[PDB]
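Here is the structure we will look at, set down as structure tokens.
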There are 2 protein chains.
Amino acid sequence: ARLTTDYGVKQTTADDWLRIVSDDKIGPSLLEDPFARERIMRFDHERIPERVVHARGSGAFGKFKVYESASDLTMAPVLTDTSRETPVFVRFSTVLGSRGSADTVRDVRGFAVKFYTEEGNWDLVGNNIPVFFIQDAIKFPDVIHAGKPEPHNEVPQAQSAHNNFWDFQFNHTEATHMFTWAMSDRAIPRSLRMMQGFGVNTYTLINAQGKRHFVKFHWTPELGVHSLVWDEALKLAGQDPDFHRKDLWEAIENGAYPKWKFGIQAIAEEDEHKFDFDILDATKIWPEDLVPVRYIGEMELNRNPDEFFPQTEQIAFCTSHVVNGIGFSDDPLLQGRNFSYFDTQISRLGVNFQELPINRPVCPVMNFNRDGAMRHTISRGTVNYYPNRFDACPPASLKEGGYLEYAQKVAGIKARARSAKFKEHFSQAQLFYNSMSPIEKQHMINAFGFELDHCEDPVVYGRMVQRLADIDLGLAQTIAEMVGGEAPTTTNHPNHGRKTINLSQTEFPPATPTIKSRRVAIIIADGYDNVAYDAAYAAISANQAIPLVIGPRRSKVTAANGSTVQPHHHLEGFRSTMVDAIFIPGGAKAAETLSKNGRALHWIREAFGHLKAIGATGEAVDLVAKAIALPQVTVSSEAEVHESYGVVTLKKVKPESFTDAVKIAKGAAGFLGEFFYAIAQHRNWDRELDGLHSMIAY
Amino acid sequence: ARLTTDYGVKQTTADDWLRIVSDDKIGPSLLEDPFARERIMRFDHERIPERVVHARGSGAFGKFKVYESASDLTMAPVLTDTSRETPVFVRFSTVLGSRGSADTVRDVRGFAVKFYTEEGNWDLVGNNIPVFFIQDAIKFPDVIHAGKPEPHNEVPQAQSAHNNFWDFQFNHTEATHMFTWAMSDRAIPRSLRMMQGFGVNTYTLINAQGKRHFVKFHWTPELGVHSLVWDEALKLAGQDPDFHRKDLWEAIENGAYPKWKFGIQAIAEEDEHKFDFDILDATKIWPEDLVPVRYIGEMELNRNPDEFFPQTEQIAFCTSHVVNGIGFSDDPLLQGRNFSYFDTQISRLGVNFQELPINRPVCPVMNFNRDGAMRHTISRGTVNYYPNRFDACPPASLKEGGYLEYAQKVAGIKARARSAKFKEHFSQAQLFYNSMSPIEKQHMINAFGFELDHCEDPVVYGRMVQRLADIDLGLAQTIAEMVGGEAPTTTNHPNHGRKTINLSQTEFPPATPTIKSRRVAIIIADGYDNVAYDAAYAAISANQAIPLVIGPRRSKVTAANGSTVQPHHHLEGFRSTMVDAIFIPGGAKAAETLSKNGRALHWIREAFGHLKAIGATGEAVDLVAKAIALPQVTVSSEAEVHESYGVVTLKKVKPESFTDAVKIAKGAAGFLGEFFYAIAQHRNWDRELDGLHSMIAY
Ligand code: HDD
Ligand code: HDD
């Protein structure tokens, strides 16, 4: 393999333009040089427009398969064939930020899946939140413009924390339910692998008998739904803007393929109007206590892209992409979406975008669509229209798999309006807030407090405080004292207190206790205990977690026993924000050095403040106890394992200390077991509920 | 003013698509609706390709004027007319990051100026660093591809901290001088208003007699050159990705128009070959001790854009844009640049980009260039070529202002090579490192340590450690112990120790002692001393600085005397990273509350760790002393003003405490004077030189 031009001509150098030159005097570059001009020309034109929304995203290849046929709901083979595996490509994303914006901002997350079925491409373009800000697609530009950077100065980037966003939220009550979800932990996921996915809009399924059902699609992570805490999310946005992209790529490269269960909520054609809300209103969820989610399949992502740009950047999804057996509903948000995903591709990619490798279906494509810019397909023949004398490219009958258009009855008048039930805008916002656990409510309170603090206009946060009273009077008061304004004492939208299942993240734990893919920092310094170090390192690896050694330097660290190791990173190059938990082995000399290292002390205090599991043995126990300096947090004093607020310690290490079985469960006996259990729980919320984080500086 | 379509037809609503609907049943949306389709279509196509490099940037309008004619060097009126003011638009930017990437990343900064002269548009497309990574433009794709996110996974965003960047740096020795500048504080400026600008390439100036001079252009900030510290820059990248954009916009909106002195280095045509280095080598600076910078003008930015997208996003600069009296040289980096700025616009904007308002010249444009997409110009006439029978649009003679092409002698052979002097690649890298102050060397050491730590390939950082020995043997050893690898004991490129002027940032202080535009946080809590508060607030404002009140809540805080104030932000919504210094007034109740507030304690510790000025009076003195907990940092014990490492205190406030004159100078007598002096010094470097920051957790 040797360097050539794009037209196949080998070149002797990639370092010099053709110019006039002499040993002692350089001259002008020549216009004739085709190799140099081509290099610069290709470079000059590398960029294409970013997606107008969901510009920042990461994707991977995988497979989908139903383990239970849904033939009673649809005759689409992708959802009825339990023997075939359907290839997919999934792209996750944020919404407001441009291409280089951070992964860990507060925002809705896109969850788009392209199913390459034998019957054509089916795209399920969803989000990680089940509802949306608006009911009619015509207002998408309004809500997006309001959330995006303000027009005059293009500030702020990838943030809803500014005047215009909250101005729109208050003035468009349809969005009430949505901004409540937006302030919840759902908007700051720990990993794209640890969040749900939803079709959001109401679609339809048609079976072999021609019977139709209205449906909602769900994706549920087998690792459970987990989130970051705000201070941590902001730091990561700067310290590692690719945190989620790397998290996904790393897991797949390591063989830890993320999985999601695929579920369907179905309402018979005949019961369309049997609910308080309109089942086609995208600002409404279908309470699972009324319509249960039926899980029938599983999807896993098992292969990273070969090259990001031609695959992840160029992939195009659209709600318009449905296969036989799957259809649309009169959902006024979905109706307009269908128009958009085709239209936008014309300028983003080009009219022949379906020819791009990543977008092409895996089955035969036959029609008379022709030409268009950058056309690769060459079609032989003298005819390109139907009907024609050769009966070339005839339509497919229904029995041959032709798309079935449900003959839905339609009656009414042409008008710019929605039906009666669409007028209800507060009930579910209250239901959602009511269903949140105490810690989740606290996180939402902190979110409103931070967001409205960043609103400079007293009219904006002042009005929002008034709106919050329509969700919960107590919430309004708390926010008012935090950001200003006056919380009303009454409301025309009383909150009756009802709650519902499967909304709180507490109802989505991992399929089984695990710490798979979690990152655990092992903090050391010269003189560390090689014993505790070896035990933890092996146990972390053996439980599919990632051990990351952090030391004062990234060259060599010497253990108390003389053995050495080269850490993955030094204390200044990484931060606790980048890991799930920290472990510090003993070693008097090591503990003393770390106790005088400000950066090291911060690692401990920040890990504590961010509610992460902390484990320490031997002399490191006093290190941690003194670093945190909280009487509420107790530690081991002898050879007994001790746990307090997710802080696991063992002061006196004995021969049996690391011989106990490693059981990831409540009330484990051994040190590693209890430490891993704290990690498996993700974060220690009691630490925050008891205000201990507020006492620490991090 | 009422809502209309783009074709002028008034509409009754922007909330509903035209559909089939009835009171109780919603129906499908109609295809016929032109208003809705237009809304979505315009939205779907809002984005255009981002700039291939310098995609993230901010700009403003301003004016330029020479106060000293350079008629001896050029006959270009823009540089000789001392009575006219030339309008300009300036766009600042980073280089590697995409559009939504953070402002405060470590990177070269773009400093592009478009001069709208009466003789045509002249663009000076420079950077905030005087040299570049390569000597020949043909390699721009190589260095840019190496620094940009790696192709397989598109990681990392806006960072040179990864394998490929350092792989190229080591393998292309021409870049040695440049990466040294890249690791200096120049790459992490505190504000776009506090950095220099350079043309980088060698241009030429031609005077009325036809005599030519080779030149270098310089921009020097009147506010001085100041930088952030790494931990702070990373936090800001996440906490406020628009930090620099907001800093620039705010200053201009407040009337604090940033100014730069414009200077020129000139070498007579006859002395082109009288230096050790080739004066056309862009990897070389012209030592100011050999060729002095002659300042002749001033530029100020005094007006923010009306709308970001059509102005800042669409503005196009190019080195090709030169006016009569200004020309090009055979600088092999400049030669290729000329080709690029025209080429890239074809896909980024469109062939008619010069028609866009922001790009149009302010003088008459007359030629036979025609048509092209989105053509607005309408030209009457039956002729569009020259020569023609009407002698329409004839050329301008030299006396009429026609562009003067210097008849430069050229002799040599056609070849892909550079001349002899271009082969020197290490001398100036050493000179630069040698010229840095102790603190600047320490910051560079920390930079290499952080950057190479983030290189996963032992071959990459291992080789770089070897390369560093070619700059300074001691530097290599220090980095080797920090990141790994083996520092060589010898080198074929000995560092002789010579230094030069005007390289260290210490040689670029503000024109006069000042704190103009600086932000000062005033931290309070219920029970604060209204006296110290009032005094500081007025003094900050009266010295053109910005007082930002930070409290436990953003609703109302009550002073010890019963008066109240609504802070700008609460402690959780902001961080010390966002301000230049902090001041805490007394009040026993306030100091006690803040002493138990972890977030508040962090504000103090972080401000200290980031080397920022800290001021406190009364009970707040003990608050600060205890928060920092360092014996090295002494504080006032009586009614005397005390200063220690930029920490200014006054424990016992007396009637005369705030009646002393406010003198921003070394050894001021009053509290505000010494506090403001600490602020004016930007940061307290002794704090870091003595390792005090290393003892604090922040
Ligand atoms: C009619 C306009 C409209 C409406 C009402 C929505 N969107 Fe949309 N969306 C677009 C118009 C759009 C778009 C402008 O056409 C985009 C960006 C560019 C592109 O390819 O598609 C897009 C992309 C886009 C993506 C990214 C696909 C990728 O990774 O490329 C996701 C996940 C969604 N949308 C999700 C949703 C959800 C869950 C919605 C609410 C039910 C929604 N969109 C309403
Ligand atoms: C031949 C290729 C090439 C070379 C050798 C350089 N650049 Fe360049 N630069 C481009 C090709 C380019 C470009 C690809 O044409 C860009 C981005 C898109 C655009 O409009 O111009 C650009 C933009 C661009 C901008 C942004 C203008 C704006 O704000 O829009 C600045 C400040 C510079 N460059 C500065 C420099 C400096 C100081 C260089 C070294 C002496 C340099 N460039 C070498």
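We name chains A, B, ... following the order of the structure tokens; residues begin at 1 in each chain, and ligands are numbered from 1 as shown.
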field: Expected selection as an MDAnalysis selection string for ligand 2 within 6 Å, only C-alpha atoms and all ligand atoms
entry: (chainID A and resid 44) or (chainID B and resid 51:54 91:92 110:112 125:127 132 137 140 200:201 316:317 333 336:337 340:341 344)
What would the file look like if the residues just selected were written as an mmCIF file, in the first residue's frame with C-alpha atoms?
```cif
data_model
loop_
_atom_site.group_PDB
_atom_site.id
_atom_site.type_symbol
_atom_site.label_atom_id
_atom_site.label_comp_id
_atom_site.auth_asym_id
_atom_site.auth_seq_id
_atom_site.Cartn_x
_atom_site.Cartn_y
_atom_site.Cartn_z
ATOM 1 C CA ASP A 44 -11.597 22.012 2.761
ATOM 2 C CA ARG B 51 -15.845 25.553 9.528
ATOM 3 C CA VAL B 52 -13.466 22.603 9.029
ATOM 4 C CA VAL B 53 -11.149 24.295 11.584
ATOM 5 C CA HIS B 54 -11.927 27.121 14.050
ATOM 6 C CA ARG B 91 -13.961 36.661 15.044
ATOM 7 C CA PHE B 92 -12.012 34.812 17.733
ATOM 8 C CA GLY B 110 -7.950 32.241 16.152
ATOM 9 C CA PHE B 111 -7.852 36.050 15.869
ATOM 10 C CA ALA B 112 -9.348 37.012 12.502
ATOM 11 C CA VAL B 125 -6.329 35.966 9.533
ATOM 12 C CA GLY B 126 -4.100 35.346 12.535
ATOM 13 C CA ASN B 127 -3.768 33.302 15.729
ATOM 14 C CA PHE B 132 2.693 27.194 13.483
ATOM 15 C CA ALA B 137 0.523 24.130 3.718
ATOM 16 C CA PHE B 140 -2.348 21.022 7.143
ATOM 17 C CA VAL B 200 2.113 34.354 11.816
ATOM 18 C CA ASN B 201 3.051 34.195 8.141
ATOM 19 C CA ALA B 316 -15.671 34.447 5.682
ATOM 20 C CA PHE B 317 -12.031 35.505 5.962
ATOM 21 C CA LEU B 333 2.659 27.996 4.579
ATOM 22 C CA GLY B 336 -1.145 27.270 0.214
ATOM 23 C CA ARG B 337 -3.440 29.174 2.582
ATOM 24 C CA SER B 340 -7.919 27.318 0.848
ATOM 25 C CA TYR B 341 -10.047 30.226 2.114
ATOM 26 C CA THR B 344 -13.740 25.960 1.406
#
```
task: Mind checking which residues fall within 8 Å of stretch 395-412 of chain B, counting only C-alpha atoms, ignoring those fewer than 4 positions away in the same chain, and posting them as a ChimeraX atom specification?
output: /A:20-22,25,27 /B:206,210,212,323-325,327
Please provide the set of residues having any atom within 10 Å of stretch 438-440 of chain B, restricted to only C-alpha atoms, with same-chain residues fewer than 2 positions apart removed, written as a PDB file with N, CA and C atoms, in the first residue's frame.
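Printed below is out.pdb as written:
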```pdb
ATOM      1  N   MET B 183       1.759  24.171  24.891  1.00  0.00           N
ATOM      2  CA  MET B 183       1.713  23.734  26.280  1.00  0.00           C
ATOM      3  C   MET B 183       1.868  24.896  27.258  1.00  0.00           C
ATOM      4  N   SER B 184       2.125  26.094  26.735  1.00  0.00           N
ATOM      5  CA  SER B 184       2.286  27.274  27.585  1.00  0.00           C
ATOM      6  C   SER B 184       0.916  27.862  27.931  1.00  0.00           C
ATOM      7  N   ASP B 185       0.894  28.834  28.840  1.00  0.00           N
ATOM      8  CA  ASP B 185      -0.359  29.463  29.244  1.00  0.00           C
ATOM      9  C   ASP B 185      -1.050  30.227  28.120  1.00  0.00           C
ATOM     10  N   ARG B 186      -0.344  30.438  27.014  1.00  0.00           N
ATOM     11  CA  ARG B 186      -0.913  31.139  25.866  1.00  0.00           C
ATOM     12  C   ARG B 186      -2.141  30.401  25.337  1.00  0.00           C
ATOM     13  N   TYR B 433      11.263  28.086  25.634  1.00  0.00           N
ATOM     14  CA  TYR B 433      11.241  27.486  26.961  1.00  0.00           C
ATOM     15  C   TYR B 433      12.165  28.256  27.903  1.00  0.00           C
ATOM     16  N   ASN B 434      13.344  28.621  27.409  1.00  0.00           N
ATOM     17  CA  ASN B 434      14.313  29.372  28.208  1.00  0.00           C
ATOM     18  C   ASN B 434      13.766  30.725  28.672  1.00  0.00           C
ATOM     19  N   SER B 435      13.004  31.383  27.801  1.00  0.00           N
ATOM     20  CA  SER B 435      12.453  32.704  28.090  1.00  0.00           C
ATOM     21  C   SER B 435      11.268  32.725  29.041  1.00  0.00           C
ATOM     22  N   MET B 436      10.683  31.563  29.303  1.00  0.00           N
ATOM     23  CA  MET B 436       9.534  31.491  30.200  1.00  0.00           C
ATOM     24  C   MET B 436       9.935  31.734  31.655  1.00  0.00           C
ATOM     25  N   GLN B 442       6.588  25.902  34.986  1.00  0.00           N
ATOM     26  CA  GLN B 442       5.860  24.949  35.814  1.00  0.00           C
ATOM     27  C   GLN B 442       4.530  24.588  35.162  1.00  0.00           C
ATOM     28  N   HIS B 443       3.856  25.591  34.606  1.00  0.00           N
ATOM     29  CA  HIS B 443       2.578  25.365  33.942  1.00  0.00           C
ATOM     30  C   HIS B 443       2.742  24.498  32.699  1.00  0.00           C
ATOM     31  N   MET B 444       3.844  24.690  31.980  1.00  0.00           N
ATOM     32  CA  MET B 444       4.125  23.895  30.788  1.00  0.00           C
ATOM     33  C   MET B 444       4.414  22.457  31.200  1.00  0.00           C
ATOM     34  N   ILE B 445       5.148  22.298  32.300  1.00  0.00           N
ATOM     35  CA  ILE B 445       5.474  20.974  32.813  1.00  0.00           C
ATOM     36  C   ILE B 445       4.174  20.259  33.163  1.00  0.00           C
ATOM     37  N   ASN B 446       3.267  20.970  33.823  1.00  0.00           N
ATOM     38  CA  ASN B 446       1.988  20.377  34.200  1.00  0.00           C
ATOM     39  C   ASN B 446       1.184  20.005  32.958  1.00  0.00           C
ATOM     40  N   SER B 504       7.688  35.775  27.213  1.00  0.00           N
ATOM     41  CA  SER B 504       7.034  35.490  28.487  1.00  0.00           C
ATOM     42  C   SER B 504       5.846  36.430  28.642  1.00  0.00           C
ATOM     43  N   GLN B 505       4.750  35.932  29.202  1.00  0.00           N
ATOM     44  CA  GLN B 505       3.569  36.765  29.399  1.00  0.00           C
ATOM     45  C   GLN B 505       3.821  37.857  30.437  1.00  0.00           C
ATOM     46  N   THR B 506       4.866  37.692  31.241  1.00  0.00           N
ATOM     47  CA  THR B 506       5.195  38.687  32.257  1.00  0.00           C
ATOM     48  C   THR B 506       5.589  40.011  31.600  1.00  0.00           C
ATOM     49  N   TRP B 685       0.998  33.954  41.913  1.00  0.00           N
ATOM     50  CA  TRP B 685       1.843  32.830  41.525  1.00  0.00           C
ATOM     51  C   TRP B 685       2.714  32.265  42.645  1.00  0.00           C
ATOM     52  N   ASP B 686       3.037  33.088  43.638  1.00  0.00           N
ATOM     53  CA  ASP B 686       3.862  32.619  44.750  1.00  0.00           C
ATOM     54  C   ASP B 686       3.140  31.509  45.486  1.00  0.00           C
ATOM     55  N   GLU B 688       1.464  29.186  44.208  1.00  0.00           N
ATOM     56  CA  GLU B 688       1.762  27.940  43.508  1.00  0.00           C
ATOM     57  C   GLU B 688       3.246  27.591  43.582  1.00  0.00           C
ATOM     58  N   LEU B 689       4.106  28.597  43.452  1.00  0.00           N
ATOM     59  CA  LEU B 689       5.543  28.364  43.513  1.00  0.00           C
ATOM     60  C   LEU B 689       5.938  27.750  44.853  1.00  0.00           C
TER      61      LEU B 689
END
```
field: residue B:555 environment, 9 Å, only C-alpha atoms, sequence neighbours closer than 5 positions dropped, as a ChimeraX atom specification
entry: /A:480-485 /B:565-567,569-570
Long-range neighbours of residue B:549 as a count of residues only, 6 Å cut-off, only C-alpha atoms, 3 positions minimum in chain: 4
message: Set the distance at 12 Å and use only C-alpha atoms: which residues neighbour residue B:507 once local chain neighbours fewer than 2 positions away are removed? I'd like the list as a PyMOL selection string.
response: chain B and resi 196+220-221+224-226+435-437+500-505+509-511
Write out, as a short mmCIF file (atom, residue, chain, number, x, y, z; two decimals), in the first residue's frame, the residues just selected, with N, CA and C atoms.
```
data_model
loop_
_atom_site.label_atom_id
_atom_site.label_comp_id
_atom_site.auth_asym_id
_atom_site.auth_seq_id
_atom_site.Cartn_x
_atom_site.Cartn_y
_atom_site.Cartn_z
N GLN B 196 -2.71 38.08 22.76
CA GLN B 196 -2.15 38.74 21.60
C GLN B 196 -2.71 38.11 20.33
N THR B 220 -1.50 43.58 20.31
CA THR B 220 -1.13 43.50 21.72
C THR B 220 -2.24 44.11 22.57
N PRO B 221 -2.86 43.30 23.45
CA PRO B 221 -3.95 43.74 24.32
C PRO B 221 -3.57 44.79 25.36
N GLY B 224 -3.47 43.54 28.79
CA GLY B 224 -2.40 42.61 29.12
C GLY B 224 -2.75 41.18 28.75
N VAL B 225 -1.77 40.29 28.80
CA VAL B 225 -1.97 38.87 28.47
C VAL B 225 -2.12 38.08 29.77
N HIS B 226 -3.28 37.47 29.95
CA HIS B 226 -3.57 36.69 31.16
C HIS B 226 -4.17 35.33 30.84
N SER B 435 13.00 31.38 27.80
CA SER B 435 12.45 32.70 28.09
C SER B 435 11.27 32.73 29.04
N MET B 436 10.68 31.56 29.30
CA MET B 436 9.53 31.49 30.20
C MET B 436 9.93 31.73 31.65
N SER B 437 9.05 32.37 32.41
CA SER B 437 9.33 32.62 33.82
C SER B 437 9.21 31.28 34.55
N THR B 500 15.18 35.47 25.15
CA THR B 500 14.88 36.67 24.37
C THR B 500 13.68 37.39 24.97
N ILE B 501 13.50 38.64 24.58
CA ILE B 501 12.41 39.45 25.11
C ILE B 501 11.06 39.26 24.43
N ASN B 502 10.02 39.70 25.14
CA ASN B 502 8.65 39.67 24.67
C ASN B 502 8.05 38.32 24.28
N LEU B 503 8.41 37.28 25.03
CA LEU B 503 7.86 35.94 24.80
C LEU B 503 7.07 35.57 26.05
N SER B 504 7.69 35.77 27.21
CA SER B 504 7.03 35.49 28.49
C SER B 504 5.85 36.43 28.64
N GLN B 505 4.75 35.93 29.20
CA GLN B 505 3.57 36.77 29.40
C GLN B 505 3.82 37.86 30.44
N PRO B 509 2.10 43.31 30.61
CA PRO B 509 1.17 43.70 31.67
C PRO B 509 0.17 44.68 31.09
N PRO B 510 -0.87 45.02 31.85
CA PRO B 510 -1.84 45.98 31.32
C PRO B 510 -1.18 47.34 31.12
N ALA B 511 -1.73 48.14 30.22
CA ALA B 511 -1.19 49.46 29.94
C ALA B 511 -1.01 50.25 31.23
#
```
- request: Please identify all polymer residues within 7 Å of stretch 462-469 of chain B, counting only C-alpha atoms, omitting same-chain residues fewer than 5 positions from it, and present them as number ranges by chain.
  value: B: 170, 475-476, 479-480, 484-488, 491
Quick one: write out the picked residues with C-alpha atoms as a CSV table (one decimal), in the first residue's frame?
```csv
chain,number,residue,atom,x,y,z
B,170,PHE,CA,7.2,13.6,17.6
B,475,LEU,CA,12.3,18.9,31.3
B,476,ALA,CA,12.5,15.4,29.8
B,479,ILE,CA,8.0,14.5,32.5
B,480,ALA,CA,9.4,11.0,32.4
B,484,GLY,CA,6.5,7.0,32.1
B,485,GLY,CA,9.1,6.3,29.5
B,486,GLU,CA,12.9,6.8,29.9
B,487,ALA,CA,14.4,10.3,29.6
B,488,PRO,CA,17.7,10.2,27.6
B,491,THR,CA,20.9,15.0,23.1
```
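For the set A:43, A:168, A:275, A:339, the residue with the smallest atom-to-atom gap to ligand 1 is A:339, counting only C-alpha atoms and all ligand atoms.
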query: In Å to one decimal, how far is atom 5 (C, counted along the ligand's line) of ligand 1 from atom CA of residue A:417?
result: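 Rounded to one decimal, the two atoms are 16.0 Å apart.
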If you take only C-alpha atoms and all ligand atoms and a cut-off of 12 Å, which residues of chain B touch ligand 1, and what are their nearest atom pairs and distances in Å to one decimal, in chain and number order, as CSV?
```
residue,atom,partner,partner_atom_place_in_ligand_line,distance
B:17,CA,ligand 1,1 (C),10.9
B:29,CA,ligand 1,1 (C),12.0
B:36,CA,ligand 1,1 (C),9.7
B:37,CA,ligand 1,1 (C),9.3
B:38,CA,ligand 1,1 (C),11.3
B:39,CA,ligand 1,1 (C),9.5
B:40,CA,ligand 1,1 (C),6.3
B:41,CA,ligand 1,1 (C),9.0
B:42,CA,ligand 1,14 (C),10.1
B:43,CA,ligand 1,14 (C),7.1
B:44,CA,ligand 1,14 (C),5.0
B:45,CA,ligand 1,14 (C),8.3
B:46,CA,ligand 1,14 (C),9.5
B:47,CA,ligand 1,18 (C),9.8
```
With N, CA, C and O atoms kept, could you save the residues just selected as a short mmCIF file (atom, residue, chain, number, x, y, z; two decimals), in the first residue's frame?
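Saved file part_8.cif follows:
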```
data_model
loop_
_atom_site.label_atom_id
_atom_site.label_comp_id
_atom_site.auth_asym_id
_atom_site.auth_seq_id
_atom_site.Cartn_x
_atom_site.Cartn_y
_atom_site.Cartn_z
N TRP B 17 -51.56 22.40 13.03
CA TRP B 17 -51.42 21.99 11.64
C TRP B 17 -52.85 21.89 11.14
O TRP B 17 -53.78 21.72 11.94
N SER B 29 -53.29 14.83 9.71
CA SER B 29 -52.87 16.14 9.25
C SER B 29 -52.90 16.16 7.73
O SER B 29 -52.61 15.14 7.09
N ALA B 36 -47.72 25.25 7.49
CA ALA B 36 -47.05 24.27 8.34
C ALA B 36 -45.84 23.65 7.65
O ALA B 36 -44.77 23.54 8.24
N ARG B 37 -45.99 23.25 6.39
CA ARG B 37 -44.86 22.67 5.67
C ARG B 37 -43.70 23.66 5.56
O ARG B 37 -42.53 23.29 5.69
N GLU B 38 -44.02 24.93 5.34
CA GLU B 38 -42.96 25.93 5.24
C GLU B 38 -42.25 26.08 6.58
O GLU B 38 -41.02 26.16 6.62
N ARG B 39 -43.00 26.12 7.67
CA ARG B 39 -42.39 26.25 9.00
C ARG B 39 -41.39 25.13 9.26
O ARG B 39 -40.25 25.38 9.67
N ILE B 40 -41.82 23.90 9.02
CA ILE B 40 -40.97 22.74 9.25
C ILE B 40 -39.83 22.66 8.25
O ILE B 40 -38.71 22.28 8.62
N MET B 41 -40.09 23.03 7.00
CA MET B 41 -39.05 23.01 5.99
C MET B 41 -37.93 23.98 6.35
O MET B 41 -36.76 23.62 6.30
N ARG B 42 -38.29 25.22 6.71
CA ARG B 42 -37.27 26.20 7.10
C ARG B 42 -36.47 25.66 8.28
O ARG B 42 -35.24 25.74 8.31
N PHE B 43 -37.17 25.09 9.26
CA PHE B 43 -36.52 24.52 10.43
C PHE B 43 -35.59 23.37 10.03
O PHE B 43 -34.42 23.34 10.44
N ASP B 44 -36.11 22.45 9.23
CA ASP B 44 -35.34 21.28 8.78
C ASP B 44 -34.01 21.64 8.12
O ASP B 44 -33.05 20.87 8.18
N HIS B 45 -33.96 22.81 7.49
CA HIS B 45 -32.75 23.23 6.77
C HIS B 45 -31.97 24.40 7.36
O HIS B 45 -31.20 25.06 6.65
N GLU B 46 -32.12 24.65 8.66
CA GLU B 46 -31.42 25.76 9.30
C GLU B 46 -29.89 25.67 9.31
O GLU B 46 -29.20 26.69 9.20
N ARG B 47 -29.35 24.46 9.45
CA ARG B 47 -27.90 24.27 9.56
C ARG B 47 -27.07 24.24 8.29
O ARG B 47 -27.48 23.73 7.25
#
```
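Atom CA of residue B:93 sits 15.5 Å away from atom CA of residue B:219.
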- request: as a ChimeraX atom specification, list the residues of stretch 15-186 of chain B assigned to strand (DSSP E or B) by DSSP on the backbone atoms of this structure.
  value: /B:19-21,26-29,57-66,86-93,110-117,120-127,150,155
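Checking B:49, B:690, B:133, B:547 one by one against residue A:98, counting only C-alpha atoms, you find the shortest gap at B:49.
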